[PDB]
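> Structure supplied as structure04.txt; contents: compact mmCIF, C-alpha atoms and all ligand atoms.
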# COMPACT_ATOMS: atom_id res chain seq x y z
CA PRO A 1 8.26 39.38 -20.45
CA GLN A 2 10.43 37.17 -22.64
CA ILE A 3 13.40 38.84 -24.30
CA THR A 4 15.13 37.14 -27.21
CA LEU A 5 18.80 37.68 -28.05
CA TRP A 6 18.70 38.29 -31.80
CA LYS A 7 19.62 41.91 -30.94
CA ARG A 8 21.16 43.57 -27.87
CA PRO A 9 18.71 43.35 -24.91
CA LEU A 10 18.34 47.09 -24.35
CA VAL A 11 15.70 48.45 -21.96
CA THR A 12 14.73 51.84 -20.49
CA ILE A 13 15.66 52.42 -16.88
CA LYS A 14 14.87 55.21 -14.48
CA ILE A 15 17.71 56.24 -12.21
CA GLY A 16 18.40 59.40 -10.28
CA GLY A 17 15.25 60.93 -11.83
CA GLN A 18 16.70 60.36 -15.34
CA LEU A 19 15.66 57.98 -18.13
CA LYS A 20 18.49 56.04 -19.73
CA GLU A 21 18.89 53.09 -22.09
CA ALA A 22 20.80 50.17 -20.60
CA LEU A 23 21.82 46.63 -21.57
CA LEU A 24 20.65 43.62 -19.58
CA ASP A 25 24.02 41.93 -19.08
CA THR A 26 24.33 38.50 -17.48
CA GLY A 27 28.09 38.67 -17.88
CA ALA A 28 28.37 41.71 -15.57
CA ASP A 29 28.67 41.17 -11.80
CA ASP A 30 27.72 44.82 -11.17
CA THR A 31 25.66 47.65 -12.70
CA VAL A 32 27.59 50.52 -14.30
CA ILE A 33 26.16 53.73 -15.67
CA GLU A 34 27.76 56.57 -17.61
CA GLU A 35 28.62 59.75 -15.77
CA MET A 36 25.72 61.21 -13.76
CA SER A 37 24.99 62.56 -10.29
CA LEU A 38 23.79 60.21 -7.59
CA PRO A 39 22.99 61.00 -3.94
CA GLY A 40 25.03 59.81 -0.92
CA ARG A 41 28.59 58.68 -0.21
CA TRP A 42 30.69 56.84 -2.72
CA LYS A 43 34.00 55.04 -2.84
CA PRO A 44 36.33 54.30 -5.74
CA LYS A 45 36.42 50.84 -7.39
CA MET A 46 38.16 49.22 -10.35
CA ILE A 47 36.18 46.98 -12.65
CA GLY A 48 37.58 44.75 -15.37
CA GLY A 49 36.52 43.01 -18.49
CA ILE A 50 37.47 42.83 -22.12
CA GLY A 51 40.08 45.45 -22.77
CA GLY A 52 41.07 45.76 -19.12
CA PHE A 53 39.97 47.88 -16.18
CA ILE A 54 38.30 51.21 -15.58
CA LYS A 55 37.84 53.27 -12.43
CA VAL A 56 34.32 53.99 -11.23
CA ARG A 57 32.50 55.49 -8.27
CA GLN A 58 30.50 53.04 -6.18
CA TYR A 59 27.16 54.28 -4.75
CA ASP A 60 25.17 52.01 -2.48
CA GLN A 61 21.42 51.67 -1.85
CA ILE A 62 20.34 53.31 -5.10
CA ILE A 63 16.78 52.77 -6.34
CA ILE A 64 16.30 51.98 -10.04
CA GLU A 65 13.29 51.09 -12.12
CA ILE A 66 14.03 48.60 -14.89
CA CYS A 67 11.22 47.78 -17.31
CA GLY A 68 8.66 48.84 -14.67
CA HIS A 69 10.25 46.72 -11.92
CA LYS A 70 11.68 48.59 -8.92
CA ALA A 71 14.84 47.45 -7.21
CA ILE A 72 17.58 48.73 -4.98
CA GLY A 73 21.28 48.05 -5.00
CA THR A 74 24.78 49.30 -5.66
CA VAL A 75 25.30 51.31 -8.84
CA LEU A 76 28.75 52.13 -10.25
CA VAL A 77 29.22 55.34 -12.24
CA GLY A 78 32.09 55.91 -14.67
CA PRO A 79 33.33 55.87 -18.25
CA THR A 80 31.51 52.77 -19.42
CA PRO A 81 30.85 52.68 -23.16
CA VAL A 82 27.31 51.31 -22.61
CA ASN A 83 25.00 51.56 -19.56
CA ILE A 84 24.94 48.05 -18.10
CA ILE A 85 22.45 46.35 -15.76
CA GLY A 86 24.43 43.58 -14.05
CA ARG A 87 23.47 40.56 -12.01
CA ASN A 88 23.23 42.51 -8.74
CA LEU A 89 20.04 44.10 -10.11
CA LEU A 90 18.91 41.45 -12.61
CA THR A 91 18.29 39.10 -9.70
CA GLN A 92 16.03 41.63 -7.97
CA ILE A 93 13.70 41.92 -10.91
CA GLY A 94 13.52 38.11 -11.17
CA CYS A 95 15.43 37.85 -14.44
CA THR A 96 16.62 34.36 -15.45
CA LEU A 97 18.18 32.68 -18.52
CA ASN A 98 16.05 29.95 -20.08
CA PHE A 99 16.71 27.40 -22.81
CA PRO B 1 17.11 24.66 -17.88
CA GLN B 2 16.37 27.90 -16.04
CA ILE B 3 19.48 29.63 -14.77
CA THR B 4 19.18 32.26 -12.08
CA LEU B 5 21.72 35.04 -11.68
CA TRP B 6 22.64 35.02 -7.97
CA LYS B 7 25.95 33.46 -9.11
CA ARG B 8 27.83 33.89 -12.41
CA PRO B 9 26.10 31.78 -15.07
CA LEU B 10 29.06 29.47 -15.70
CA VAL B 11 28.50 26.38 -17.78
CA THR B 12 30.58 23.60 -19.27
CA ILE B 13 31.19 23.81 -23.02
CA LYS B 14 32.90 21.36 -25.36
CA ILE B 15 35.10 22.66 -28.15
CA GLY B 16 37.91 20.79 -29.96
CA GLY B 17 37.03 17.61 -27.96
CA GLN B 18 37.81 19.39 -24.66
CA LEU B 19 35.68 20.58 -21.81
CA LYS B 20 36.03 24.22 -20.73
CA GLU B 21 34.09 26.56 -18.45
CA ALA B 22 32.36 29.55 -20.02
CA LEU B 23 30.06 32.39 -19.03
CA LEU B 24 26.59 32.83 -20.63
CA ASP B 25 26.85 36.55 -21.48
CA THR B 26 23.83 38.45 -22.88
CA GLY B 27 25.98 41.61 -22.97
CA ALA B 28 28.36 40.09 -25.52
CA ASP B 29 27.56 40.20 -29.24
CA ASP B 30 30.04 37.45 -29.97
CA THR B 31 31.64 34.36 -28.41
CA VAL B 32 35.27 34.67 -27.28
CA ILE B 33 37.47 31.88 -25.99
CA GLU B 34 40.97 31.87 -24.44
CA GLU B 35 43.93 30.91 -26.66
CA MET B 36 43.52 27.43 -28.14
CA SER B 37 43.99 25.67 -31.48
CA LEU B 38 41.04 25.75 -33.95
CA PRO B 39 40.98 24.39 -37.50
CA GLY B 40 40.86 26.38 -40.72
CA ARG B 41 41.60 29.97 -41.69
CA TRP B 42 40.90 32.91 -39.46
CA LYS B 43 40.14 36.57 -40.11
CA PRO B 44 40.90 39.63 -38.01
CA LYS B 45 38.46 41.20 -35.60
CA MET B 46 38.54 43.91 -32.96
CA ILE B 47 36.11 43.67 -30.05
CA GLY B 48 35.50 46.26 -27.34
CA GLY B 49 34.43 45.87 -23.79
CA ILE B 50 34.44 47.71 -20.57
CA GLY B 51 38.17 48.45 -20.56
CA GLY B 52 38.79 49.04 -24.30
CA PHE B 53 39.49 46.94 -27.35
CA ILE B 54 41.40 43.77 -28.02
CA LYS B 55 42.38 41.95 -31.21
CA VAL B 56 41.10 38.41 -31.69
CA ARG B 57 41.10 35.71 -34.36
CA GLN B 58 37.75 34.93 -35.94
CA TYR B 59 36.99 31.28 -36.85
CA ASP B 60 33.72 30.48 -38.59
CA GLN B 61 31.54 27.38 -38.58
CA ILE B 62 33.07 25.90 -35.44
CA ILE B 63 31.35 23.00 -33.68
CA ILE B 64 30.72 23.76 -30.03
CA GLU B 65 28.46 22.21 -27.35
CA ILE B 66 27.12 24.55 -24.66
CA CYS B 67 25.54 22.86 -21.61
CA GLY B 68 25.03 19.83 -23.85
CA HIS B 69 23.30 21.81 -26.63
CA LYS B 70 25.02 21.57 -30.02
CA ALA B 71 25.85 24.78 -31.87
CA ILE B 72 27.92 25.52 -34.98
CA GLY B 73 29.09 29.10 -35.56
CA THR B 74 31.65 31.85 -35.12
CA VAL B 75 34.15 31.60 -32.29
CA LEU B 76 36.69 34.36 -31.57
CA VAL B 77 40.00 33.45 -29.91
CA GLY B 78 42.06 35.95 -27.97
CA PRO B 79 43.05 37.46 -24.65
CA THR B 80 39.69 37.47 -23.04
CA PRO B 81 39.64 37.34 -19.19
CA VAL B 82 36.97 34.57 -19.21
CA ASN B 83 35.50 32.28 -21.93
CA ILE B 84 32.33 34.07 -23.01
CA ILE B 85 29.33 32.60 -24.86
CA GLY B 86 27.72 35.60 -26.60
CA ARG B 87 24.44 36.20 -28.35
CA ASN B 88 25.53 34.63 -31.65
CA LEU B 89 25.48 31.23 -29.94
CA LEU B 90 22.96 31.90 -27.16
CA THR B 91 20.39 32.36 -29.98
CA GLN B 92 21.39 29.01 -31.54
CA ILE B 93 20.65 27.17 -28.34
CA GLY B 94 17.32 28.97 -27.90
CA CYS B 95 18.32 31.07 -24.88
CA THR B 96 16.09 33.93 -23.73
CA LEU B 97 15.93 36.33 -20.82
CA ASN B 98 12.68 36.12 -18.79
CA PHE B 99 11.20 38.08 -15.91
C1 LIG C 101 32.44 40.04 -27.48
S1 LIG C 101 33.24 40.70 -26.05
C2 LIG C 101 32.97 42.43 -26.32
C3 LIG C 101 31.58 42.77 -25.76
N1 LIG C 101 31.13 44.02 -26.36
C4 LIG C 101 29.97 44.04 -27.02
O1 LIG C 101 29.24 43.07 -27.16
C5 LIG C 101 29.50 45.35 -27.62
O2 LIG C 101 30.38 46.42 -27.28
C6 LIG C 101 30.02 47.71 -27.59
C7 LIG C 101 28.74 48.03 -28.05
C8 LIG C 101 28.41 49.36 -28.36
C9 LIG C 101 29.37 50.37 -28.21
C10 LIG C 101 30.66 50.04 -27.74
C11 LIG C 101 31.63 51.02 -27.59
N2 LIG C 101 32.86 50.69 -27.15
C12 LIG C 101 33.19 49.43 -26.84
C13 LIG C 101 32.25 48.39 -26.96
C14 LIG C 101 30.98 48.71 -27.43
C15 LIG C 101 31.66 42.87 -24.26
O3 LIG C 101 32.76 42.88 -23.70
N3 LIG C 101 30.49 42.95 -23.62
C16 LIG C 101 30.48 43.07 -22.17
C17 LIG C 101 29.46 44.15 -21.79
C18 LIG C 101 29.82 45.42 -22.54
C19 LIG C 101 28.97 45.86 -23.56
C20 LIG C 101 29.31 47.00 -24.26
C21 LIG C 101 30.46 47.71 -23.91
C22 LIG C 101 31.30 47.30 -22.89
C23 LIG C 101 30.97 46.14 -22.18
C24 LIG C 101 30.13 41.68 -21.65
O4 LIG C 101 28.71 41.48 -21.73
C25 LIG C 101 30.58 41.57 -20.22
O5 LIG C 101 29.89 42.02 -19.34
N4 LIG C 101 31.75 41.00 -19.99
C26 LIG C 101 32.68 40.50 -21.00
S2 LIG C 101 34.16 40.15 -20.13
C27 LIG C 101 33.29 39.80 -18.61
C28 LIG C 101 34.25 39.83 -17.41
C29 LIG C 101 32.66 38.41 -18.61
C30 LIG C 101 32.15 40.83 -18.59
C31 LIG C 101 32.57 42.10 -17.87
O6 LIG C 101 33.17 43.04 -18.45
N5 LIG C 101 32.27 42.07 -16.56
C32 LIG C 101 32.67 43.15 -15.65
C33 LIG C 101 31.72 44.25 -15.39
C34 LIG C 101 30.94 44.92 -16.34
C35 LIG C 101 30.12 45.98 -15.90
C36 LIG C 101 30.10 46.29 -14.53
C37 LIG C 101 30.91 45.63 -13.60
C38 LIG C 101 31.72 44.60 -14.07
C39 LIG C 101 32.65 43.72 -13.27
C40 LIG C 101 32.89 42.57 -14.25
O7 LIG C 101 31.92 41.53 -14.00
Could you quickly redo this structure as structure tokens?


Amino acid sequence: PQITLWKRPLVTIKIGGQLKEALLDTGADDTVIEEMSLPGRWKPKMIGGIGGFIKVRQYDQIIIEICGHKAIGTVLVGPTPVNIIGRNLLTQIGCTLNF
Amino acid sequence: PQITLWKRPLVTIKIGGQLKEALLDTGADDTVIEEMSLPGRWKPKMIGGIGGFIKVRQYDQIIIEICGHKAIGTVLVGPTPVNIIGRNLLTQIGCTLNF
């Protein structure tokens, strides 16, 4: 698909058996999701951007489905204002910028 | 061009006759640049990101080249961690997400 940028590029994702809305974000190194349960071990991480840093839990080898494309990667969970799909998963679904 | 996302999508921009590096950021509504001098009057704006909100100065109708493509539009100036080209200008240069 081709997604224009007149509005926020929001998509439905499936993660941890839950459906969520998330933003396809080429400015994010990592993927961060609002508070939810995920399986496995985690470790704490700080992530920073406009407004400063927040603390999140880092879960590895999590499967997500993003617009019908399956991928696996690290997912961070914490008090993000918006669910964000970052480059670590955008690459896996073959997402590129084109102009 | 087509820009893949295995690395940060950093590009060269030209603003105020000077070259700077900036990030193509589909997660950003607006374009925000580190402190610099821009002509004309500015208005106040608050923008919020992953760590909270910051105050910036809004300049309208600013000439800016992004990867050699000419745009003219709103540029915010303030304490951003990285120069960010947001959707207001990514649309001007005809940028889309594709997968
Ligand atoms: C014009 S700058 C402000 C911009 N915000 C927006 O466009 C819209 O914000 C909002 C929309 C809706 C509700 C909100 C509620 N509270 C606050 C903001 C809200 C923004 O910062 N967008 C960021 C994404 C975001 C969207 C909505 C809420 C919060 C964040 C941006 O696309 C990004 O990733 N940025 C801007 S600064 C940056 C470093 C280039 C990068 C970043 O934070 N990256 C970090 C990140 C993000 C997520 C996961 C990991 C990491 C590491 C690091 O890579």

> If you take only C-alpha atoms and all ligand atoms and a cut-off of 6 Å, which residues of chain B touch ligand LIG 101 (chain C), and what are their nearest atom pairs and distances in Å to one decimal, in chain and number order, as a Markdown table?


| residue | atom | partner | partner_atom | distance |
| --- | --- | --- | --- | --- |
| B:25 | CA | C:LIG101 | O4 | 5.3 |
| B:26 | CA | C:LIG101 | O4 | 5.9 |
| B:27 | CA | C:LIG101 | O4 | 3.0 |
| B:28 | CA | C:LIG101 | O1 | 3.5 |
| B:29 | CA | C:LIG101 | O1 | 3.9 |
| B:30 | CA | C:LIG101 | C1 | 4.3 |
| B:31 | CA | C:LIG101 | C1 | 5.8 |
| B:47 | CA | C:LIG101 | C2 | 5.0 |
| B:48 | CA | C:LIG101 | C13 | 3.9 |
| B:49 | CA | C:LIG101 | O3 | 3.4 |
| B:50 | CA | C:LIG101 | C22 | 3.9 |
| B:82 | CA | C:LIG101 | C29 | 5.8 |

> Quick one: pull the distance between atom CA of residue A:99 and atom CA of residue A:70, Å, one decimal.

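Calculated distance between atom CA of residue A:99 and atom CA of residue A:70 is 25.8 Å.
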
> So, counting only C-alpha atoms, which residue among B:3, B:95, B:66, B:56 is closest to residue B:32?

B:56

> Using only C-alpha atoms, I'd like every residue of chain B that has an atom within 12 Å of chain A; please write them out as a ChimeraX atom specification.

/B:1-10,22-34,46-56,66-69,78-99

> May I ask for the distance between atom CA of residue B:19 and atom CA of residue B:58, given in Å to one decimal place?

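About the pair atom CA of residue B:19 and atom CA of residue B:58: they are 20.2 Å apart.
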
> I'm after chain B in the frame of chain A: fit it by least squares over all Cα atoms matched in order, and give me the output as an mmCIF file with C-alpha atoms, keeping the file's coordinate frame.


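Writing the result to selection_0.cif gives the following:
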data_model
loop_
_atom_site.group_PDB
_atom_site.id
_atom_site.type_symbol
_atom_site.label_atom_id
_atom_site.label_comp_id
_atom_site.auth_asym_id
_atom_site.auth_seq_id
_atom_site.Cartn_x
_atom_site.Cartn_y
_atom_site.Cartn_z
ATOM 1 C CA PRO B 1 8.539 39.548 -20.294
ATOM 2 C CA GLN B 2 10.644 37.148 -22.353
ATOM 3 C CA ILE B 3 13.482 38.852 -24.176
ATOM 4 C CA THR B 4 15.158 37.096 -27.066
ATOM 5 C CA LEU B 5 18.738 37.819 -28.068
ATOM 6 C CA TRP B 6 18.613 38.414 -31.842
ATOM 7 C CA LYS B 7 19.120 42.112 -30.969
ATOM 8 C CA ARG B 8 20.935 43.680 -27.994
ATOM 9 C CA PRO B 9 18.679 43.429 -24.933
ATOM 10 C CA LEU B 10 18.294 47.185 -24.442
ATOM 11 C CA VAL B 11 15.702 48.407 -21.999
ATOM 12 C CA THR B 12 14.607 51.698 -20.500
ATOM 13 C CA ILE B 13 15.667 52.317 -16.899
ATOM 14 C CA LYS B 14 14.798 55.168 -14.549
ATOM 15 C CA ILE B 15 17.436 56.535 -12.208
ATOM 16 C CA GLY B 16 17.531 60.001 -10.579
ATOM 17 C CA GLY B 17 14.076 60.773 -12.112
ATOM 18 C CA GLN B 18 15.476 60.346 -15.651
ATOM 19 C CA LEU B 19 14.984 57.755 -18.319
ATOM 20 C CA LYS B 20 18.092 56.124 -19.807
ATOM 21 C CA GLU B 21 18.762 53.136 -22.057
ATOM 22 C CA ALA B 22 20.680 50.204 -20.602
ATOM 23 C CA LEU B 23 21.793 46.721 -21.586
ATOM 24 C CA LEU B 24 20.672 43.612 -19.618
ATOM 25 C CA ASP B 25 24.100 41.968 -19.199
ATOM 26 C CA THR B 26 24.417 38.482 -17.636
ATOM 27 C CA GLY B 27 28.200 38.703 -18.145
ATOM 28 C CA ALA B 28 28.491 41.661 -15.770
ATOM 29 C CA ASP B 29 28.754 41.122 -12.010
ATOM 30 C CA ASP B 30 27.769 44.699 -11.315
ATOM 31 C CA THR B 31 25.701 47.572 -12.734
ATOM 32 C CA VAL B 32 27.613 50.458 -14.336
ATOM 33 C CA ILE B 33 26.143 53.705 -15.594
ATOM 34 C CA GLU B 34 27.653 56.622 -17.561
ATOM 35 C CA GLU B 35 28.661 59.770 -15.642
ATOM 36 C CA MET B 36 25.719 61.289 -13.768
ATOM 37 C CA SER B 37 24.969 62.779 -10.349
ATOM 38 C CA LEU B 38 23.936 60.347 -7.551
ATOM 39 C CA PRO B 39 23.293 61.189 -3.899
ATOM 40 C CA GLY B 40 25.421 60.238 -0.914
ATOM 41 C CA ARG B 41 28.997 59.079 -0.423
ATOM 42 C CA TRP B 42 30.807 56.847 -2.841
ATOM 43 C CA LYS B 43 33.642 54.350 -2.485
ATOM 44 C CA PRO B 44 36.306 53.312 -4.970
ATOM 45 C CA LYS B 45 36.049 50.285 -7.205
ATOM 46 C CA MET B 46 37.991 48.816 -10.102
ATOM 47 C CA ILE B 47 36.122 46.701 -12.643
ATOM 48 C CA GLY B 48 37.605 44.699 -15.510
ATOM 49 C CA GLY B 49 36.191 43.790 -18.838
ATOM 50 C CA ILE B 50 37.269 42.677 -22.208
ATOM 51 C CA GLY B 51 39.769 45.489 -22.762
ATOM 52 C CA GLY B 52 41.156 45.920 -19.211
ATOM 53 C CA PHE B 53 40.187 47.765 -16.071
ATOM 54 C CA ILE B 54 38.549 51.067 -15.320
ATOM 55 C CA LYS B 55 37.980 53.015 -12.106
ATOM 56 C CA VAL B 56 34.398 53.766 -11.104
ATOM 57 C CA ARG B 57 32.509 55.300 -8.189
ATOM 58 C CA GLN B 58 30.407 52.920 -6.129
ATOM 59 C CA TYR B 59 27.058 54.195 -4.757
ATOM 60 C CA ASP B 60 25.003 51.903 -2.547
ATOM 61 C CA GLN B 61 21.269 51.630 -1.961
ATOM 62 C CA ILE B 62 20.295 53.529 -5.097
ATOM 63 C CA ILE B 63 16.693 53.452 -6.317
ATOM 64 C CA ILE B 64 16.464 52.323 -9.918
ATOM 65 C CA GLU B 65 13.599 51.039 -12.118
ATOM 66 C CA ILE B 66 14.507 48.542 -14.847
ATOM 67 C CA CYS B 67 11.808 47.893 -17.483
ATOM 68 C CA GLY B 68 9.316 49.136 -14.894
ATOM 69 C CA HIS B 69 10.560 46.789 -12.140
ATOM 70 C CA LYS B 70 11.739 48.570 -8.986
ATOM 71 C CA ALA B 71 15.172 47.730 -7.598
ATOM 72 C CA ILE B 72 17.317 49.291 -4.866
ATOM 73 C CA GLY B 73 21.041 48.484 -4.813
ATOM 74 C CA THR B 74 24.599 49.237 -5.854
ATOM 75 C CA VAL B 75 25.206 51.351 -8.933
ATOM 76 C CA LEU B 76 28.719 52.067 -10.249
ATOM 77 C CA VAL B 77 29.350 55.278 -12.207
ATOM 78 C CA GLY B 78 32.215 55.650 -14.639
ATOM 79 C CA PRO B 79 33.487 55.539 -18.196
ATOM 80 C CA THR B 80 31.563 52.571 -19.364
ATOM 81 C CA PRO B 81 30.837 52.385 -23.143
ATOM 82 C CA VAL B 82 27.142 51.524 -22.501
ATOM 83 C CA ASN B 83 24.873 51.592 -19.395
ATOM 84 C CA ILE B 84 24.972 48.017 -18.118
ATOM 85 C CA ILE B 85 22.500 46.306 -15.764
ATOM 86 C CA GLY B 86 24.513 43.480 -14.157
ATOM 87 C CA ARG B 87 23.647 40.460 -12.082
ATOM 88 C CA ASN B 88 23.363 42.380 -8.799
ATOM 89 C CA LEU B 89 20.181 43.992 -10.127
ATOM 90 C CA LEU B 90 19.061 41.339 -12.623
ATOM 91 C CA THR B 91 18.596 39.056 -9.567
ATOM 92 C CA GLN B 92 16.485 41.720 -7.805
ATOM 93 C CA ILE B 93 14.056 41.858 -10.678
ATOM 94 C CA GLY B 94 13.851 38.058 -10.882
ATOM 95 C CA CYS B 95 15.677 37.670 -14.205
ATOM 96 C CA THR B 96 16.817 34.228 -15.358
ATOM 97 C CA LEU B 97 18.334 32.698 -18.458
ATOM 98 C CA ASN B 98 16.213 29.913 -20.032
ATOM 99 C CA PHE B 99 16.698 27.482 -22.892
#

> Take atom CA of residue A:76 and atom CA of residue B:11 and report the distance between them in Å, one decimal.

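Rounded to one decimal, the two atoms are 26.8 Å apart.
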
> Within 12 Å of residue A:18, counting all atoms listed in the file, which residues show up once you throw out same-chain ones fewer than 6 positions away? Write them as a count of residues only, please.

10

> Tell me which of B:43, B:62, B:57, B:73 sits closest to residue B:17, counting all atoms listed in the file.

B:62
